[PDB]
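A.B. asks: Starting off with a structure, shown below.
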Amino acid sequence: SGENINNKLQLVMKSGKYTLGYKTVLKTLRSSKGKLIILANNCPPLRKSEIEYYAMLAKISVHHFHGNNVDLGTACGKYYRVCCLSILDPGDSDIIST
Amino acid sequence: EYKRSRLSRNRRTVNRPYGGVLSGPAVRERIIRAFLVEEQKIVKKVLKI
Amino acid sequence: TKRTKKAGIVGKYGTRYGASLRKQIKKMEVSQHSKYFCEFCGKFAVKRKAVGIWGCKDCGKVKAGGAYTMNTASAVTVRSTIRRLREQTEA
Amino acid sequence: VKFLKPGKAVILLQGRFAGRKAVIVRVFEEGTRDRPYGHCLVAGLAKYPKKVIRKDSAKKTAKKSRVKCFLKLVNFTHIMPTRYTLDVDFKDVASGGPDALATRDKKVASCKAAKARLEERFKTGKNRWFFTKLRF
Amino acid sequence: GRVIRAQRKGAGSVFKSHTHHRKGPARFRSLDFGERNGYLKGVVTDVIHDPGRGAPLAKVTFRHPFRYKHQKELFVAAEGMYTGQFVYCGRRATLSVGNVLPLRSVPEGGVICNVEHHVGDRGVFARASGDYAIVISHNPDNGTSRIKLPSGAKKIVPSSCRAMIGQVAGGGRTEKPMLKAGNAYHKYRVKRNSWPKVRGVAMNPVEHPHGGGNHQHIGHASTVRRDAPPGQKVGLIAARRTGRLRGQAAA
RNA sequence: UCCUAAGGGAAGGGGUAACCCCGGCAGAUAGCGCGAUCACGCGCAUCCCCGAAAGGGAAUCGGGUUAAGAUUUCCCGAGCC
RNA sequence: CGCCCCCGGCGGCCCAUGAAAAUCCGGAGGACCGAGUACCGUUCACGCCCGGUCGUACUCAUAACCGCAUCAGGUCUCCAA
RNA sequence: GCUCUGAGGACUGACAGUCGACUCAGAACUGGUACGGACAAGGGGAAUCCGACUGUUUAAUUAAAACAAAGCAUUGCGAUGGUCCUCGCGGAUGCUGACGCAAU
RNA sequence: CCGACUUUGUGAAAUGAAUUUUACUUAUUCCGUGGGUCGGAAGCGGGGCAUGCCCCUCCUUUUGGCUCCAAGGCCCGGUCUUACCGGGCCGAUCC
Ligand SMILES: [Mg+2]
Ligand SMILES: [Mg+2]
Ligand SMILES: [Mg+2]
Ligand SMILES: [Mg+2]
Ligand SMILES: [Mg+2]
Ligand SMILES: [Mg+2]
Ligand SMILES: [Mg+2]
Ligand SMILES: [Mg+2]
Ligand SMILES: [Mg+2]
Ligand SMILES: [Mg+2]
Ligand SMILES: [Mg+2]
Ligand SMILES: [Mg+2]
Ligand SMILES: [Mg+2]
Ligand SMILES: [Mg+2]
Ligand SMILES: [Mg+2]
Ligand SMILES: [Mg+2]
Ligand SMILES: [Mg+2]
Ligand SMILES: [Mg+2]
Ligand SMILES: [Mg+2]
Ligand SMILES: [Mg+2]
Ligand SMILES: [Zn+2]
């Protein structure tokens with residue numbers, strides 16, 4: 001259900017709190033303020049594995065996007081390249097609801 | 001004219017691990033990669049049950 | 001202002017070499033100079049560095065590929081054949 | 001859950017001690033007066049213990065088993081933290097207080113005591129990962 | 001008469017290969033215990049242009065199996081390898097592009113390059129830019145295999161011979177017209193002194209069998225025997241036919 | 001002067017009627033090296049020499065001075081390897 | 001928008017990717033080692049001594065080079081109001 | 001030639017002050033209609049033959065339509081091989097291998 | 001270019017009264033290494049549907065990191081004689 005995650009994330013973009021980018025998704029993890037991490041498929045393996053590590057430490061879920069970094073940016077409805085995402089407040093959506 | 005008896009050591013070195021040979025952004029990634037893969041060695045051994 | 005009706009990239013060759021040679025070198029003129037998408041960093045910043053070598057400006061990957069295009073259509077067939085042929089024998 | 005709490009092992013990631021292991025002593029989570037970035041005080045090992053084996057005599061084992069400790073305020077971005085822990089919270093009062101580190105004599109005294117207790121824990125044989133150096 | 005241009009090439013005086021900026025031989029690893037009974041991980045460090053050759057060359061840094069040092073090997077680039085890739089060398093290395101395997105590990109139909117001929121001769125077939133060999137069948141009662149080579153020739157090779165999975169990079173290089181004596185000259189400068197080539201019909205009889213005559217013409221059959229002495233074996237050596245190829249003649 | 005480039009000569013060997021011709025052909029290889037001598041241990045891997053007054057390159061600047069030397073060769077001062 | 005020299009960082013062309021080594025530096029590792037009426041180091045500063053062999057004048061050309069010459073010929077460069 | 005006009009800037013505190021080396025246009029007057037006044041510096045056009053072009057060549061009588069060229073085609077060759085050198089051992093192509101070498 | 005003799009040995013079959021086919025490895029030729037793991041047999045796991053007795057594996061797939069000069073155990077010997085150096089095997093299956 002790649003389209004079913006794309007639409008939910010589109011709704012999180014309009015409703016909830018969210019954060020983009022490696023240097024700030026990490027800050028959310030250290031604050032433990034995030035609730036779910038989304039990772040583009042071609043996120044550089046060092047970066048991806050260290051974010052996986054912090055997620056394991058913070059007991060937070062990690063989802064691996066089905067596209068690429070350009071596709072994750074487009075799904076978030078942003079005009080640039082994105083490879084990291086954190087859902088701070090899910091908002092009026094059903095992403096954490098998996 | 002890098003010879004030891006022609007430059008001061010502080011002017012010839014950089015005080016970090018791998019300094020003077022590897023930049024900071026490279027050494028940082030080697031630290032992260034070495035740690036993470038060392039962790040995967042033992043998670044893989046624990047998977048070996 | 002439009003500067004060539006049809007010549008384009010092979011306009012530098014001037015009035016020489018023949019219509020057919022210009023019109024069949026034109027495609028591998030444009031293809032080796034265009035910027036190709038990098039599957040590692042998603043930018044349109046892969047550009048040829050030598051015959052068969054394609055370097056990316058940002059992420060530092062250099063990729064071995066076709067001489068005048070990044071990815072040969074024959075090579076896509078090869079990679080797909082390998083993919084399938086690994087799957088069935090890993091089964 | 002928050003994983004940057006005093007007592008956790010942390011590998012310093014950058015600057016004159018990158019690659020050294022350490023333990024977080026106390027965390028300045030909500031910035032400070034003059035360091036608005038998040039940071040945290042950490043105590044680590046500048047010089048790891050050398051390998052001890054049965055063959056060498058007691059004097060050389062004692063020679064090889066000593067440690068050199070260092071205190072550093074690190075930005076969280078500069079520490080890449082880990083699950084492991086050091087159970088010695090008995091530096092809470094030793095290296096605690098926002099006063100035991102301003103002056104050099106005070107700092108070096110704290111490092112001497114931290115040496116003594118980390119050498120004791122190395123003697124105990126526990127936390128072997130904390131004393132095997134990151135081999136990068 | 002005098003010695004012909006084609007005979008003069010056997011001395012090397014001005015006909016040796018221009019090998020000053022070449023980066024060394026492009027070949028596999030020494031076949032050994034690890035590469036025979038397991039796999040070895042090598043990291044590709046850089047894909048360099050080798051002067052005088054159409055294909056890129058991939059420098060690969062293995063770790064020496066039994067002594068403490070690296071090994072910078074230098075492979076022929078198979079289309080797709082990028083710096084940082086881990087290429088696996090040995091028998092039980094999985095079948096992916098850039099890996100090198102024996103033919104006992106490559107299924108029928110697999111496309112390979114840099115094939116060995118005698119097990120351990122370090123890779124000789126299918127090396128030019130954009131050439132590959134298709135592994136056709138395996139005979140396990142002989143421990144042998146068959147391959148279709150770029151020429152279309154079909155060869156039986158030992159089954160323990162290594163082969164790089166994939167095809168040589170730089171494919172389609174020869175598709176581009178050079179359009180210039182300039183490009184031709186710069187092509188052959190870094191290969192060898194075999195350009196320009198003077199039509200023997202525009203020579204004098206003393207140096208070429210075709211030369212001479214008030215008009216420019218060969219004079220006799222342009223096809224010579226296989227056994228013609230050197231200095232006369234010039235033209236179409238032992239031709240089986242001539243003329244523009246049509247139909248099955250071009251198969 | 002030192003180091004290599006294209007290249008050249010060569011020890012063992014192969015050829016040669018002999019002068020002479022081949023250098024990777026692999027030979028207990030030319031050379032062994034380093035820590036130690038209050039001695040010994042460890043290593044030996046593509047293993048010699050020659051080849052550039054335009055390539056690479058330990059270090060110098062100023063002012064004077066002779067009939068003719070020196071800008072930096074002598075003198076004066078100040079440096080550098 | 002001045003001339004010459006050098007440097008910086010962009011961009012461009014290549015079926016052309018545009019030398020090697022001596023030398024120098026840095027690092028990975030840590031076998032082995034030491035005092036506090038004192039002994040082990042120190043790539044620090046200062047201090048002392050020595051620096052060998054060969055070329056070195058002059059033309060570099062419508063007169064010092066080659067063309068049987070004090071030959072309208074030929075011979076590589078740097079500075080350039 | 002000479003006398004002007006206009007436009008294009010910098011720094012400092014939609015303006016004010018200080019500075020500015022140049023370029024570009026326009027005008028009035030003037031001369032024995034002379035003005036790129038010396039120097040420097042394409043004759044143009046209509047066609048035919050040949051070679052596509054650039055390039056190279058008989059030093060000391062021939063610079064071309066000749067040679068080369070890319071383009072086109074053909075032939076041999078899968079290494080125990082093709083073309084070739086070598087008195088012999090051995091060697092060049094080959095630090096190569098058919099998108100290649102070799103002969104036309 | 002091909003034929004014969006020579007280096008050129010071994011045993012085996014089928015055709016005639018020598019001929020083609022084969023098999024062996026040490027002569028011979030070639031190839032590869034810094035002659036760095038070859039041959040047979042063990043063992044560690046996986047397939048069992050005659051518990052067979054025949055097969056398949058060798059503790060590295062992983063992200064451009066690092067790996068050397070052994071840790072560990074056992075058995076001797078020298079020694080202060082109440083305090084310490086040299087040995088041997090296993091680790092690293094045998095033949
Ligand atoms: Mg410094
Ligand atoms: Mg020529
Ligand atoms: Mg041609
Ligand atoms: Mg021709
Ligand atoms: Mg003629
Ligand atoms: Mg003739
Ligand atoms: Mg003729
Ligand atoms: Mg010399
Ligand atoms: Mg010199
Ligand atoms: Mg010089
Ligand atoms: Mg003096
Ligand atoms: Mg550039
Ligand atoms: Mg002089
Ligand atoms: Mg002089
Ligand atoms: Mg003279
Ligand atoms: Mg004379
Ligand atoms: Mg012409
Ligand atoms: Mg003439
Ligand atoms: Mg003439
Ligand atoms: Mg040959
Ligand atoms: Zn990229």
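Going by the structure tokens order, chains are called A, B, ..., each with residues numbered from 1, while ligands are numbered from 1 in the order shown.
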Show me which bits of chain B are within 9 Å of chain I, counting only C-alpha atoms (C1' of nucleotides), as a PyMOL selection string.

C.D. replies: chain B and resi 29-37

A.B. asks: Please return as a PyMOL selection string: the residues of chain A that backbone DSSP assigns to alpha helix (DSSP H).

C.D. replies: chain A and resi 2-15+22-31+45-58+69-75

A.B. asks: Compute the set of protein, DNA and RNA residues whose minimum atom distance to ligand 17 is at most 10 Å, using only C-alpha atoms (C1' of nucleotides) and all ligand atoms, and state it as a VMD selection string.

C.D. replies: chain H and resid 50 to 55 64 to 66

A.B. asks: Selection from above, N, CA and C atoms (P, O5', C5', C4', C3', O3' and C1' of nucleotides), as a PDB file, in the first residue's frame, can you write it?

C.D. replies:
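Listing of selection.pdb after writing:
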```
ATOM      1  P     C H  50      35.205  16.661 -63.093  1.00  0.00           P
ATOM      2  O5'   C H  50      36.515  16.962 -62.248  1.00  0.00           O
ATOM      3  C5'   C H  50      37.777  16.445 -62.639  1.00  0.00           C
ATOM      4  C4'   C H  50      38.817  16.693 -61.576  1.00  0.00           C
ATOM      5  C3'   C H  50      38.422  16.281 -60.177  1.00  0.00           C
ATOM      6  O3'   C H  50      38.564  14.900 -59.947  1.00  0.00           O
ATOM      7  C1'   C H  50      39.351  18.436 -60.111  1.00  0.00           C
ATOM      8  P     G H  51      37.584  14.179 -58.914  1.00  0.00           P
ATOM      9  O5'   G H  51      38.170  14.585 -57.494  1.00  0.00           O
ATOM     10  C5'   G H  51      39.515  14.298 -57.161  1.00  0.00           C
ATOM     11  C4'   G H  51      39.976  15.085 -55.963  1.00  0.00           C
ATOM     12  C3'   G H  51      39.088  15.047 -54.738  1.00  0.00           C
ATOM     13  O3'   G H  51      39.238  13.855 -53.996  1.00  0.00           O
ATOM     14  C1'   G H  51      39.823  17.255 -55.116  1.00  0.00           C
ATOM     15  P     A H  52      37.978  13.178 -53.272  1.00  0.00           P
ATOM     16  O5'   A H  52      37.051  14.403 -52.875  1.00  0.00           O
ATOM     17  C5'   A H  52      37.002  14.873 -51.539  1.00  0.00           C
ATOM     18  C4'   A H  52      36.304  16.205 -51.472  1.00  0.00           C
ATOM     19  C3'   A H  52      36.963  17.274 -50.627  1.00  0.00           C
ATOM     20  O3'   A H  52      38.099  17.872 -51.223  1.00  0.00           O
ATOM     21  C1'   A H  52      34.705  17.209 -50.093  1.00  0.00           C
ATOM     22  P     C H  53      39.411  18.151 -50.333  1.00  0.00           P
ATOM     23  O5'   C H  53      38.880  19.109 -49.191  1.00  0.00           O
ATOM     24  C5'   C H  53      38.365  20.381 -49.533  1.00  0.00           C
ATOM     25  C4'   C H  53      37.806  21.098 -48.343  1.00  0.00           C
ATOM     26  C3'   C H  53      38.821  21.533 -47.313  1.00  0.00           C
ATOM     27  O3'   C H  53      39.456  22.745 -47.664  1.00  0.00           O
ATOM     28  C1'   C H  53      37.044  20.435 -46.240  1.00  0.00           C
ATOM     29  P     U H  54      41.053  22.857 -47.659  1.00  0.00           P
ATOM     30  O5'   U H  54      41.434  22.582 -46.145  1.00  0.00           O
ATOM     31  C5'   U H  54      40.996  23.477 -45.142  1.00  0.00           C
ATOM     32  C4'   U H  54      41.514  23.105 -43.780  1.00  0.00           C
ATOM     33  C3'   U H  54      42.975  22.730 -43.682  1.00  0.00           C
ATOM     34  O3'   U H  54      43.858  23.831 -43.751  1.00  0.00           O
ATOM     35  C1'   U H  54      41.705  21.216 -42.424  1.00  0.00           C
ATOM     36  P     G H  55      45.199  23.723 -44.626  1.00  0.00           P
ATOM     37  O5'   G H  55      45.917  22.409 -44.091  1.00  0.00           O
ATOM     38  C5'   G H  55      46.448  22.342 -42.777  1.00  0.00           C
ATOM     39  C4'   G H  55      46.932  20.953 -42.445  1.00  0.00           C
ATOM     40  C3'   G H  55      48.167  20.494 -43.194  1.00  0.00           C
ATOM     41  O3'   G H  55      49.361  20.955 -42.598  1.00  0.00           O
ATOM     42  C1'   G H  55      46.525  18.825 -43.340  1.00  0.00           C
ATOM     43  P     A H  64      49.844  25.077 -55.815  1.00  0.00           P
ATOM     44  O5'   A H  64      49.138  23.929 -56.648  1.00  0.00           O
ATOM     45  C5'   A H  64      48.482  22.866 -55.986  1.00  0.00           C
ATOM     46  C4'   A H  64      48.079  21.785 -56.950  1.00  0.00           C
ATOM     47  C3'   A H  64      47.313  20.623 -56.351  1.00  0.00           C
ATOM     48  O3'   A H  64      45.936  20.902 -56.167  1.00  0.00           O
ATOM     49  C1'   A H  64      49.034  19.796 -57.719  1.00  0.00           C
ATOM     50  P     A H  65      45.124  20.201 -54.976  1.00  0.00           P
ATOM     51  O5'   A H  65      44.340  19.032 -55.701  1.00  0.00           O
ATOM     52  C5'   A H  65      43.847  19.216 -57.017  1.00  0.00           C
ATOM     53  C4'   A H  65      43.329  17.931 -57.603  1.00  0.00           C
ATOM     54  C3'   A H  65      44.281  16.742 -57.510  1.00  0.00           C
ATOM     55  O3'   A H  65      43.521  15.537 -57.454  1.00  0.00           O
ATOM     56  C1'   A H  65      43.892  17.262 -59.771  1.00  0.00           C
ATOM     57  P     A H  66      44.109  14.210 -56.764  1.00  0.00           P
ATOM     58  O5'   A H  66      45.600  14.109 -57.296  1.00  0.00           O
ATOM     59  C5'   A H  66      46.124  12.865 -57.737  1.00  0.00           C
ATOM     60  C4'   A H  66      47.557  12.678 -57.308  1.00  0.00           C
ATOM     61  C3'   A H  66      47.763  12.128 -55.910  1.00  0.00           C
ATOM     62  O3'   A H  66      47.708  10.714 -55.892  1.00  0.00           O
ATOM     63  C1'   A H  66      49.140  14.017 -56.224  1.00  0.00           C
TER      64        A H  66
END
```

A.B. asks: Check which residues fall inside 10 Å of ligand 2 when counting only C-alpha atoms (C1' of nucleotides) and all ligand atoms, and print them as a VMD selection string.

C.D. replies: chain E and resid 14 to 15 185 188 to 189 192 to 198

A.B. asks: Save out the residues we just selected, C-alpha atoms, as a short mmCIF file (atom, residue, chain, number, x, y, z; two decimals), in the first residue's frame.

C.D. replies:
```
data_model
loop_
_atom_site.label_atom_id
_atom_site.label_comp_id
_atom_site.auth_asym_id
_atom_site.auth_seq_id
_atom_site.Cartn_x
_atom_site.Cartn_y
_atom_site.Cartn_z
CA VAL E 14 58.62 2.79 -34.46
CA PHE E 15 55.76 0.32 -34.12
CA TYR E 185 45.19 10.83 -34.99
CA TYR E 188 46.03 6.21 -32.61
CA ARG E 189 48.68 8.34 -30.89
CA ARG E 192 50.50 2.78 -31.74
CA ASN E 193 51.99 4.14 -34.96
CA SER E 194 49.58 2.51 -37.37
CA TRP E 195 48.00 5.60 -38.89
CA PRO E 196 47.83 7.09 -41.56
CA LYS E 197 47.88 4.13 -43.95
CA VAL E 198 49.08 4.60 -47.52
#
```

A.B. asks: Select the residues contacting ligand 10 at a distance of at most 12 Å, based on only C-alpha atoms (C1' of nucleotides) and all ligand atoms, then format the selection as a list in words.

C.D. replies: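 Based on only C-alpha atoms (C1' of nucleotides) and all ligand atoms, ligand 10 is surrounded within 12 Å by residues 3, 52, 53, 54, 55, 56 and 57 of chain F.
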
A.B. asks: Compute the set of chain A residues within 7 Å of chain C, using only C-alpha atoms, and express it as a PyMOL selection string.

C.D. replies: chain A and resi 42+69-70

A.B. asks: Using the selection just defined, write its residues with N, CA and C atoms as a JSON list (two decimals), in the first residue's frame.

C.D. replies:
```json
[["chain", "number", "residue", "atom", "x", "y", "z"],
["A", 42, "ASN", "N", 17.05, 5.27, -0.74],
["A", 42, "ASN", "CA", 18.45, 5.49, -1.08],
["A", 42, "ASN", "C", 19.14, 6.44, -0.11],
["A", 69, "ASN", "N", 14.42, 9.41, -2.50],
["A", 69, "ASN", "CA", 14.38, 10.68, -1.77],
["A", 69, "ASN", "C", 13.57, 11.73, -2.51],
["A", 70, "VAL", "N", 13.68, 11.79, -3.84],
["A", 70, "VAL", "CA", 12.84, 12.71, -4.60],
["A", 70, "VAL", "C", 11.38, 12.33, -4.42]]
```

A.B. asks: Could you tell me which of G:3, G:40, G:57, G:50 comes closest to ligand 14 if we count only C-alpha atoms (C1' of nucleotides) and all ligand atoms?

C.D. replies: G:57

A.B. asks: Kindly compile the residues surrounding ligand 8 within 12 Å, counting only C-alpha atoms (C1' of nucleotides) and all ligand atoms, and format them as a count of residues only.

C.D. replies: 10

A.B. asks: Find the residues of chain G in contact range of chain C, meaning any atom within 12 Å when counting only C-alpha atoms (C1' of nucleotides), and list them as JSON, numbers by chain.

C.D. replies: {"G": [12, 13, 14, 15, 16, 17]}

A.B. asks: Atoms to include: N, CA and C atoms (P, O5', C5', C4', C3', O3' and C1' of nucleotides). Write the selected residues as a PDB file, in the first residue's frame.

C.D. replies:
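Final output, saved to out_18.pdb:
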```pdb
ATOM      1  P     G G  12      31.291  22.777 -17.699  1.00  0.00           P
ATOM      2  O5'   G G  12      32.076  22.870 -19.076  1.00  0.00           O
ATOM      3  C5'   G G  12      31.586  23.688 -20.125  1.00  0.00           C
ATOM      4  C4'   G G  12      32.602  23.842 -21.227  1.00  0.00           C
ATOM      5  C3'   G G  12      33.159  22.552 -21.788  1.00  0.00           C
ATOM      6  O3'   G G  12      32.290  21.972 -22.731  1.00  0.00           O
ATOM      7  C1'   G G  12      34.913  24.079 -21.409  1.00  0.00           C
ATOM      8  P     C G  13      32.301  20.393 -22.961  1.00  0.00           P
ATOM      9  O5'   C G  13      33.594  20.151 -23.857  1.00  0.00           O
ATOM     10  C5'   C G  13      33.716  20.733 -25.148  1.00  0.00           C
ATOM     11  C4'   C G  13      34.965  20.250 -25.833  1.00  0.00           C
ATOM     12  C3'   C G  13      35.213  18.757 -25.713  1.00  0.00           C
ATOM     13  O3'   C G  13      34.542  18.024 -26.713  1.00  0.00           O
ATOM     14  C1'   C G  13      37.159  19.920 -25.080  1.00  0.00           C
ATOM     15  P     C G  14      33.744  16.695 -26.323  1.00  0.00           P
ATOM     16  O5'   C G  14      34.867  15.577 -26.353  1.00  0.00           O
ATOM     17  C5'   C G  14      35.704  15.443 -27.483  1.00  0.00           C
ATOM     18  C4'   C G  14      36.997  14.766 -27.126  1.00  0.00           C
ATOM     19  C3'   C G  14      36.887  13.443 -26.398  1.00  0.00           C
ATOM     20  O3'   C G  14      36.644  12.365 -27.282  1.00  0.00           O
ATOM     21  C1'   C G  14      38.633  14.788 -25.480  1.00  0.00           C
ATOM     22  P     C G  15      35.159  11.818 -27.536  1.00  0.00           P
ATOM     23  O5'   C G  15      35.379  10.291 -27.910  1.00  0.00           O
ATOM     24  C5'   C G  15      35.435   9.301 -26.897  1.00  0.00           C
ATOM     25  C4'   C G  15      36.497   8.268 -27.170  1.00  0.00           C
ATOM     26  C3'   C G  15      37.801   8.800 -27.752  1.00  0.00           C
ATOM     27  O3'   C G  15      38.888   8.048 -27.223  1.00  0.00           O
ATOM     28  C1'   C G  15      36.933   7.147 -29.170  1.00  0.00           C
ATOM     29  P     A G  16      39.694   8.596 -25.951  1.00  0.00           P
ATOM     30  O5'   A G  16      40.702   9.650 -26.575  1.00  0.00           O
ATOM     31  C5'   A G  16      41.964   9.241 -27.074  1.00  0.00           C
ATOM     32  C4'   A G  16      43.060  10.147 -26.583  1.00  0.00           C
ATOM     33  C3'   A G  16      42.848  10.709 -25.182  1.00  0.00           C
ATOM     34  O3'   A G  16      44.106  10.825 -24.534  1.00  0.00           O
ATOM     35  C1'   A G  16      43.086  12.477 -26.701  1.00  0.00           C
ATOM     36  P     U G  17      44.503   9.757 -23.415  1.00  0.00           P
ATOM     37  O5'   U G  17      44.084  10.461 -22.056  1.00  0.00           O
ATOM     38  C5'   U G  17      44.931  11.426 -21.451  1.00  0.00           C
ATOM     39  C4'   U G  17      44.446  11.824 -20.080  1.00  0.00           C
ATOM     40  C3'   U G  17      44.198  10.673 -19.115  1.00  0.00           C
ATOM     41  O3'   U G  17      44.555  11.071 -17.797  1.00  0.00           O
ATOM     42  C1'   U G  17      42.197  11.896 -19.430  1.00  0.00           C
TER      43        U G  17
END
```

A.B. asks: Show which residues sit within 10 Å of range 53-62 of chain D, as JSON, numbers by chain. Count only C-alpha atoms (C1' of nucleotides), and ignore same-chain residues fewer than 4 positions away.

C.D. replies: {"D": [49, 66, 123], "I": [71, 72, 84]}

A.B. asks: Can those selected residues be exported to a file as a PDB file, in the first residue's frame so that it contains N, CA, C and O atoms (P, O5', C5', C4', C3', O3' and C1' of nucleotides)?

C.D. replies:
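The resulting file, part37.pdb, is reproduced below:
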```pdb
ATOM      1  N   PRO D  49      43.234   1.196  28.771  1.00  0.00           N
ATOM      2  CA  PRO D  49      44.100   0.177  29.358  1.00  0.00           C
ATOM      3  C   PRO D  49      44.696  -0.714  28.283  1.00  0.00           C
ATOM      4  O   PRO D  49      44.013  -1.129  27.347  1.00  0.00           O
ATOM      5  N   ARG D  66      46.412   0.803  33.747  1.00  0.00           N
ATOM      6  CA  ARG D  66      46.031   2.135  34.185  1.00  0.00           C
ATOM      7  C   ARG D  66      45.388   2.923  33.049  1.00  0.00           C
ATOM      8  O   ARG D  66      45.552   2.616  31.868  1.00  0.00           O
ATOM      9  N   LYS D 123      39.311  -3.252  36.922  1.00  0.00           N
ATOM     10  CA  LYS D 123      39.749  -4.423  37.672  1.00  0.00           C
ATOM     11  C   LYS D 123      38.615  -5.422  37.832  1.00  0.00           C
ATOM     12  O   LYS D 123      38.832  -6.634  37.741  1.00  0.00           O
TER      13      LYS D 123
ATOM     14  P     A I  71      49.408 -12.740  23.200  1.00  0.00           P
ATOM     15  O5'   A I  71      48.130 -12.654  24.137  1.00  0.00           O
ATOM     16  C5'   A I  71      47.680 -13.792  24.851  1.00  0.00           C
ATOM     17  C4'   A I  71      46.185 -13.770  25.028  1.00  0.00           C
ATOM     18  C3'   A I  71      45.618 -14.767  26.021  1.00  0.00           C
ATOM     19  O3'   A I  71      45.711 -14.313  27.357  1.00  0.00           O
ATOM     20  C1'   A I  71      44.343 -14.815  24.034  1.00  0.00           C
ATOM     21  P     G I  72      46.104 -15.336  28.526  1.00  0.00           P
ATOM     22  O5'   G I  72      45.028 -16.494  28.390  1.00  0.00           O
ATOM     23  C5'   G I  72      43.653 -16.263  28.651  1.00  0.00           C
ATOM     24  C4'   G I  72      42.841 -17.479  28.301  1.00  0.00           C
ATOM     25  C3'   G I  72      43.379 -18.785  28.853  1.00  0.00           C
ATOM     26  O3'   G I  72      43.014 -19.002  30.200  1.00  0.00           O
ATOM     27  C1'   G I  72      42.908 -19.053  26.566  1.00  0.00           C
ATOM     28  P     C I  84      60.174 -12.950  42.842  1.00  0.00           P
ATOM     29  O5'   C I  84      59.608 -14.012  41.801  1.00  0.00           O
ATOM     30  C5'   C I  84      59.196 -13.623  40.501  1.00  0.00           C
ATOM     31  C4'   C I  84      59.712 -14.585  39.461  1.00  0.00           C
ATOM     32  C3'   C I  84      58.840 -14.769  38.229  1.00  0.00           C
ATOM     33  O3'   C I  84      59.017 -13.705  37.299  1.00  0.00           O
ATOM     34  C1'   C I  84      59.516 -16.886  39.052  1.00  0.00           C
TER      35        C I  84
END
```
